[PDB]
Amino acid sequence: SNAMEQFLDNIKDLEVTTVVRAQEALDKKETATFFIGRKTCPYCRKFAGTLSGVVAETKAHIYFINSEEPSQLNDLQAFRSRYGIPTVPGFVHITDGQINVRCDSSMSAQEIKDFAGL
């Protein structure tokens, strides 16, 4: 749909990756932030609009994980189960071996910046 195409535009400057890359950030004590969601969900689309603006404003590097990528089905299931992400959108901030998860499509620009340490 037109709205899904707007989603693809909104996420154009996010870096597509997988849950394995998030686990690497945990294990290596890296700081990295991930938006996990799907273009097909209106709440993911709302969140992606807000996030898009934050990325444009800050020039931040934030990752995107497609929560319905066919080739990633059981890795996604396992990660979402292990880290408590039963709905999308999910916003995941990893730093110093610690993971923080928020599943709330309404997060404001400031809340997003606060959460991602921007």
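Note that residue numbering begins at 1 and tracks the sequence as displayed.
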Using only the Cα atoms and their B-factors as the entry lists them, report which of 21-29 and 106-114 averages higher. 21-29
Regarding 69-77 and 38-46, which shows the higher C-alpha temperature factor on average in the entry? 69-77
Is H61 in the lowest, middle or highest third of its chain when residues are ranked by C-alpha B-factor? lowest
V92: CA B-factor among chain residues, third -> middle
Quick tally, chain-level thirds of C-alpha B-factors: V101 sits in the middle
